[PDB]
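Below is one structure; the comments refer to it alone.
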Amino acid sequence: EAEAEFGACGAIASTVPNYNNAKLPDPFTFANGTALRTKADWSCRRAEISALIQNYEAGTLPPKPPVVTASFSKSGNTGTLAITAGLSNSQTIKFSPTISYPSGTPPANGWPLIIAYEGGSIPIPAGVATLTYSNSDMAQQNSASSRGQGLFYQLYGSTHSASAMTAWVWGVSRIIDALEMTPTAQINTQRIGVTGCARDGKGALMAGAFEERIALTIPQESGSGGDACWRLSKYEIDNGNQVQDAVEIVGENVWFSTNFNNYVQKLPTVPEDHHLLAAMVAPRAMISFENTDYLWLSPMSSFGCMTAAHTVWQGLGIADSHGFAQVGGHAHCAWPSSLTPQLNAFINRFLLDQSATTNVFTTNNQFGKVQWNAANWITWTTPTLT
Ligand SMILES: *[C@@H]1O[C@H](CO)[C@@H](O)[C@H](O)[C@H]1NC(C)=O
């Protein structure tokens with residue numbers, strides 16, 4: 001409705017005041033009760049999900065500011081991309097991520113690139129450039145004490161509602177803006193991925209969800225607030241698994257907006273969960289990786305959440321663009337070589353243009369004191385969007 005005022009997607013909802021659902025919110029019904037039927041409908045539903053997530057847990061994601069400039073220099077195989085961002089009131093900030101390049105002549109369209117939060121914790125293949133993004137400089141994340149601290153808040157104000165992770169997304173968007181105006185950086189901006197581990201894996205999922213120029217999203221052991229769902233983690237903690245949950249996470253750090261504090265004890269009233277956050281990546285590609293050795297990561301919750309998110313890619317006819325691999329037997333953020341073929345399949349297909357198959361959806365089912373029962377959490381039947 002109201003397309004004449006708001007555009008093709010109408011008056012998408014940012015709140016659902018009467019919502020109360022203990023199970024996972026239905027991806028395929030808009031807030032107004034209209035069922036999704038076409039692939040085009042997904043674009044609008046994703047925009048509504050973005051608004052809902054910003055309202056309930058992420059805070060406001062600002063658009064591109066009026067000033068974004070960049071200069072580039074290189075020494076050896078390391079480039080420095082010096083970025084300036086500024087508002088209409090003259091306020092500016094600056095940040096200078098670095099890029100590690102493969103040696104020699106690049107492909108005709110430039111190097112594919114992975115934006116790695118704090119360097120990431122995945123092995124990046126030799127033909128892919130790595131941009132090291134200091135997300136912690138953009139928004140600090142030491143503890144609750146970090147609220148409103150970081151470069152983002154030196155531009156927008158320390159009381160701006162963006163969570164630290166939303167501020168990090170904004171920084172990624174400025175990085176891509178900078179790359180698109182800097183041909184001497186020799187990056188194929190159509191082949192950009194994002195990755196991070198642990199808290200930075202929560203961040204990488206947010207970046208891929210909200211920044212549609214990211215071709216491949218790779219969250220690694222992101223846990224609660226990442227590829228786990230709030231509702232499923234509450235079920236886990238109530239049944240004796242020592243998981244991180246919504247109640248604890250908002251007191252531990254600043255990864256979510258202060259408004260989320262009003263909902264952490266009332267999760268059924270939140271008209272989204274992280275299966276919808278992950279689904280915002282669709283129709284682009286994502287594979288996330290989890291580790292069952294650490295109950296803190298909420299293992300069942302990640303498998304259930306990603307199974308629910310997967311229905312969106314299934315409904316869009318592109319199930320193999322979304323992967324999930326969950327194993328045990330290795331230290332947190334150590335990369336197990338057993339998962340390298342799955343990681344490389346996604347990188348090879350979606351960043352390197354190879355004909356790799358990407359059907360990866362596996363778990364060991366080692367969930368501790370709970371089990372995953374899909375019928376207890378997923379109530380919708382996946383439509384074939386036209
Ligand atoms: C329901 O909301 C969606 C998203 O704003 C919109 O595309 C759709 O047209 C709405 N339905 C009606 C009947 O207006």
Side-chain angles (χ1 to χ4, degrees), residues 61-87 92-120 122 124-139 150-152 155 165-196 200 203-219 280-281 284-286 346-353:
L61 175 58
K64 184 186 177 179
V67 174
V68 180
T69 69
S71 60
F72 177 84
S73 61
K74 193 172 176 181
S75 181
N77 290 322
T78 300
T80 299
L81 185 64
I83 303 171
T84 301
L87 300 183
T92 68
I93 57 166
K94 62 186 185 58
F95 67 114
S96 295
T98 59
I99 302 173
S100 179
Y101 287 94
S103 58
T105 298
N109 289 324
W111 296 108
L113 173 75
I114 289 174
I115 296 172
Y117 276 48
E118 311 285 6
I122 57 164
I124 290 173
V128 176
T130 302
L131 182 151
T132 292
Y133 176 33
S134 304
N135 52 293
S136 300
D137 284 348
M138 186 62 63
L151 293 166
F152 172 95
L155 187 61
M165 301 205 294
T166 296
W168 300 341
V169 175
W170 179 94
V172 173
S173 300
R174 307 293 72 82
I175 290 168
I176 303 177
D177 291 343
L179 289 170
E180 291 187 316
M181 69 182 68
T182 311
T184 54
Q186 293 184 308
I187 297 304
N188 184 343
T189 55
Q190 294 293 300
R191 299 291 187 268
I192 294 172
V194 72
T195 194
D200 295 337
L205 174 61
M206 281 282 291
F210 279 89
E211 171 48 76
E212 291 192 294
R213 292 169 294 176
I214 295 170
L216 176 61
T217 297
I218 312 170
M280 287 180 64
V281 179
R284 299 162 292 119
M286 168 164 64
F346 275 76
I347 293 173
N348 288 347
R349 178 177 177 188
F350 294 108
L351 299 181
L352 300 179
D353 292 296

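Positions are given from 1 along the sequence. Values below: all heavy atoms of this structure, side chains included; hydrogens, waters and symmetry mates excluded.
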Please list, one pair per line, the donor and acceptor atoms closer than 3.5 Å that link side chains of residues 101-120 to other protein atoms, with sequence neighbours excluded.
| from | atom 1 | to | atom 2 | distance (Å) |
| --- | --- | --- | --- | --- |
| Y101 | OH | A185 | O | 2.6 |
| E118 | OE2 | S136 | N | 3.0 |
| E118 | OE2 | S136 | OG | 2.8 |

Plane angle bin for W170 and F152 - parallel if under 30°, tilted between 30 and 60°, otherwise perpendicular: perpendicular
Full working for side-chain contact (heavy atoms from CB on, under 4.5 Å) between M206 and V172: CA-CA 10 Å; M206 281 282 291; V172 173; over 6 Å; no
Chi angles and distances behind the side-chain contact (heavy atoms from CB on, under 4.5 Å) call for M280, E212: CA-CA 9 Å; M280 287 180 64; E212 291 192 294; over 6 Å; no
Contact summary for [X] and [Y], nearest pair of heavy atoms:
X    : Y    : value
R284 : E211 : NH1-O, 3.3 Å
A204 : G196 : CB-N, 3.6 Å
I214 : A207 : CD1-O, 3.5 Å
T217 : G208 : OG1-CA, 3.1 Å
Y133 : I175 : CD1-CD1, 3.6 Å
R191 : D353 : NH2-OD1, 2.9 Å

Student check: side-chain heavy atoms of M138 and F95 closer than 4.5 Å: yes
Within this structure, what is the [atom1]-[atom2] distance for the pair [X] and [Y], rounded to the nearest 0.5 Å?
X    : Y    : atom1 : atom2 : value
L81  : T184 : CG    : OG1   : 8.5 Å
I122 : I347 : CD1   : CD1   : 5.0 Å
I218 : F346 : CD1   : CZ    : 9.5 Å
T189 : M181 : OG1   : CE    : 11.0 Å
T182 : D177 : OG1   : CG    : 10.0 Å
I187 : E180 : CD1   : CD    : 12.0 Å

Under the side-chain hydrogen bond (donor to acceptor under 3.5 Å, both in side chains) test, residues paired with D137 that sit two or more places apart: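 Counting only residues at least two positions away or on another chain, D137 forms no side-chain hydrogen bond (donor to acceptor under 3.5 Å, both in side chains).
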Using residues 68-80 as the side-chain source, report each donor-acceptor pair under 3.5 Å to any protein atom, sequence neighbours left out, with the distance given to one decimal.
none

Derivation of the side-chain contact (heavy atoms from CB on, under 4.5 Å) call for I176 and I192: CA-CA 9 Å; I176 303 177; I192 294 172; 4.1 Å; yes
